[PDB]
Ligand SMILES: Nc1ncnc2c1ncn2[C@@H]1O[C@H](COP(=O)(O)OP(=O)(O)OP(=O)(O)O)[C@@H](O)[C@H]1O
Ligand SMILES: Nc1ncnc2c1ncn2[C@@H]1O[C@H](COP(=O)(O)OP(=O)(O)OP(=O)(O)O)[C@@H](O)[C@H]1O
Ligand SMILES: Nc1ncnc2c1ncn2[C@@H]1O[C@H](COP(=O)(O)OP(=O)(O)OP(=O)(O)O)[C@@H](O)[C@H]1O
């Protein structure tokens, strides 16, 4: 997939295309890759092959609706469930989560990563393509975090063979 | 990563760059690789891929704040948790720990290693490059253990493609 | 010989301020267990109480409304959180205080225990409030074993109607009124065995307590913290004033802590007050006959500040 | 009819030297369970004691301050470290030897074992101190199972308020005063179920014992080791002098051992003294009528030295 | 009214030859539980016995010195190897046959049920020796579970001071004297919870029994094997001579077996003698009135030889 998140002017946007790839064939091309969590309080975009990609999603929910939607704490509570003696399996996927306050990237291996000063996050095969266009824009244009995510996603759909121009974007507030 | 530790004149320094590598791409370049433990009594630098690299860090903490910060004992207490009948998983990472008294290197496989006479320690891909510059300096210059760690880290960032010039250094006392 | 719902509500609005639909559904639960009395034989021995399920946070008043309806309606009460038949054997041992304290100063020798063994039972079987706190803690998903669904199974003959054998005789349960509470944040009501979802028709959802709601709970309720400390410190010979601009800074200062840590609910007020009435409670005796004014200036510099832990900088790269 | 906090503190400063905020919070815990007496009916049957949570090392005085407040205030005491209701059935069995130890040596016949069934209960429901040592040992993380959070759940009806059925009758708990201790080095107070964090408002943190603190604990406390040996050796007909320059070399010699091995706390003094009073304790009888001067020179060459084990050279490459 | 350490030692040197520091530390353990008597009220109800920890092989005399100090000092004894409170309920049932046997054989009717439940408990709470054999068998490492550290936890209220409820009343333990033994070859004393290392100040290390030490244990001790067989065979009407050059070949022949198999200790002598006194014990009656000389020549060709198993040639390549 290609999942990107830009944050500019009290705006937090999270976009992603909609191509479910099986081998070198396309099975589904509309798939919603960015979903809403905690009654619409947090944004989550996933990447990494359906199954694991999903169970990682659910596990972060059962942690939000058990910590009052405190993103950072929910994140770490989940990460710590991998860094123990008795591991929590291992997931082939990662998430980009963000609410009005913070934005993160959580991997199903048990680690939480904070963005770099510019507050831009991308994941998936088309990841760095979007991250390159995003940084390009954020640093050289006035465009809104939505316009940028929109623009950056397309630039990445035209380079990655596993990413299309059929995306779903969500923003906060 | 490149993590190096020099000890000269009652000084114990521990530095490391800040590049989180994913494949041959760079995901985060500011990351703090050297953290403080036991209220600031001990220094710890890690290397070996986030997750494991972290859970190894935590496990050494739960052992310091359970042995009065006795580095050596905490180390061995941790190592012994791998050398038993029922293993403690296996971690793809290693730590360089040091307080005013001693300095060590602990691997998530269950072994503790003491420096060689010069008291210099390095780990990570950029490891030996720093260790080579360190020994070079320690044995031929008057530079402080901080200056040396600083200098050695840069020499290693310019040769290792997984090491940058964006580092974080900590010293004791 | 019992109150009206309109009155049960208004009598509850004095110890448990807030909520609403909460009391309402609880009121009609008592009112209709009485209306069950004025009926013949057929339409009387068969009309199980419409049990209640309270869905709400922690510290919002799910247990209060069940307690202030055991005294302000007088009936055997008991709270349990998931043996099972020993829940009735305790509802009976708590009925020997409204028949041996209600008929010791009333019907006043007169001993005859074989006389109160059918005067105590007749009670429980009629007036019986069993409260199950944290019932959501026994649902199907829990990621390994499902024996918690066994407890939900042994706790079935009771909400249905069986005959528990206590040390006072065979006490039936068919007419007891059960009230179960739950956070239900992880699970949903429908995650309970269907053979027990239809034995809890009343679904009432309580809300959380806001800044303003914490302001009122601090005074309006009988024996509120403002009064309890006004009195416990009056015995020391000291008077204390709790200004209004200082009650806001205690409700909107115990709320600030519930949205940055676990939301323990109203019980947060107790731990806040205990830090406020810390300076006074100690040297109150050695300061006899003094009226201390606890205002915004005092409360402010009474506790300090409480920002989040350190989460980040500790374990995140 | 009870002391003032200022006095409870000063009466504790004789057996438990050190600490501070420790005693303070404990004092006001007793003082306000009494001030609860001089109150009407409403504001009296509802005002649960502000329970205490002592956070400190091992051997610093977390249990002492709970014991020297069970006698120096007289009330049923009991210590437990994680059945649960059998904690109350033991608080009652420790009530008889009070409401019948002094009373039996006061009523002299006049037995009447029927009043110690309602007057010995007032001795619990009112004066009741339950001490839970090592409570941090039952928190969520523990890396496999979480049944330790089940104990923290069965131990809830007590700190809240229920009716334990003992062999002396139905004794309520609502007003008992609970005090829990813990090292809390691995876990944090907030790692306890929220439905019990608000039932322990008082958070007192005790400090560890330094070199100077070990010097004082050796003499000042009543029945200190310096006195206990001065007396236990006087019965042999021998007198012994514990100079001050030799008390320093026993406190700063039992401390040197606590920072190089497990920190057992004050209890380290006992094992040190026993090695010092080893030469004398044996041949004390056969040396009747002698004043031995235990000074720096004696203490020094009395035990020897205690350097770390060998840790390194054994399992390290 | 009790012996002196110098005497307790010398009275032990007759059944348990060998050791040394063993007896010494055990002696002063008894001597100072008596010196505790001649003291006022403060410095008397608080002065816990300095418990002992015996570190030594198997069959060297760790249990003997604890037994020959329960009779040769007379006090309730009991040995246990890791319920926990039923260790006291057995120390009381062993304190009966010293009243309804002793106090009827000194001051011979005179029953009085309510007189033994005050004449016996006062004997346990004062004279009480609890022996814990193999305590090293409950330490942290064991390579899977650590519940053995739970036993070390339930066995804490006792060595500390609690009130065990027996069928004879509430017997305190605060003053009981505990002695724990252990091989401590795998673990170390410090592998025990620190909250119990300071409740065992006395550390005595017993040595193993050599060739010469096995020679003496064969005769010097009262009721030694040399005497026990001299008497058990005299009843058959037969006399037997145990020459000295033949005692060496029985001590240095039971030692040869302890250094080539499990080192069962002194108990090795019993299995050796039983093979020696095998020929005689059978046909002793049918050989009345005969003085048999058991010398080097007899002992030699009495048992045979005992070389190692085969270990090697079996499972090694
Ligand atoms: N609506 C309310 N008005 C006043 N006080 C309240 C209210 N709700 C809760 N409290 C306070 O909360 C405390 C009791 O908590 P309670 O047992 O009612 O919480 P719960 O949510 O029903 O239970 P749990 O936390 O076990 O789910 C008391 O101090 C009471 O004053
Ligand atoms: N402040 C103190 N002053 C003097 N003696 C002390 C003090 N604190 C503890 N002691 C000594 O410690 C022993 C009792 O230990 P205590 O029960 O106080 O431990 P604790 O601090 O409760 O720890 P834990 O409960 O974890 O063992 C007694 O010998 C007592 O004299
Ligand atoms: N020094 C000794 N002198 C005389 N008899 C001894 C001696 N040591 C052991 N024994 C004999 O050993 C037997 C008791 O052994 P004991 O219980 O003392 O062993 P231990 O050293 O305590 O080891 P464990 O407790 O591991 O068995 C008795 O038959 C006793 O006579």
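Going from the start of the chain as shown, residues are counted 1 onward.
Including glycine, each Cβ sits where the backbone N, Cα and C put it.
According to Swiss-Prot, the protein has these features:
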type    : residues                                                                                  : note
BINDING : E:17, E:59, E:60, E:61, E:62, E:63, E:64, E:133, E:179, E:180, E:181, E:182, E:195, E:267 : ATP binding site
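Everything Swiss-Prot records as a feature, shown here on the structure.
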residue	record	Cβ contacts under 8 Å, 6 or more apart
E:17	ATP binding site	E:213, E:216, E:217, E:220, E:221
E:60	ATP binding site	E:18, E:19, E:206, E:207, E:208, E:209, E:265, E:266
E:62	ATP binding site	E:22, E:54, E:56, E:133, E:181, E:206
E:64	ATP binding site	E:15, E:16
E:179	ATP binding site	E:26, E:29, E:51, E:52, E:53, E:54, E:66, E:129, E:130, E:131, E:132
E:195	ATP binding site	E:156
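The 6 Å Cβ screen around ligand 3 retains E:17, E:181 from the binding-site residues E:17, E:181, E:195, ordered by sequence position. Residue E:181 (ATP binding site) counts 27 other C-beta atoms within 10 Å of its own C-beta, drawing on all protein chains shown. Checking the binding-site residues E:60, E:62, E:181, E:195 against ligand 2, the ones whose Cβ sits under 6 Å from it are E:195. As a whole number, the greatest separation of Cα atoms within the ATP-binding residue list E:17, E:59, E:60, E:61, E:62, E:63, E:64, E:133, E:179, E:180, E:181, E:182, E:195, E:267 is 35 Å.
Taken residue by residue with DSSP, residue E:195 (ATP binding site) is part of a helix. When secondary structure is read from DSSP and collapsed to three states, residue E:62 (ATP binding site) falls in the coil class. In the three-state DSSP classification, residue E:17 (ATP binding site) falls within coil. A strand conformation is recorded for residue E:181 (ATP binding site) in the three-state DSSP classification.
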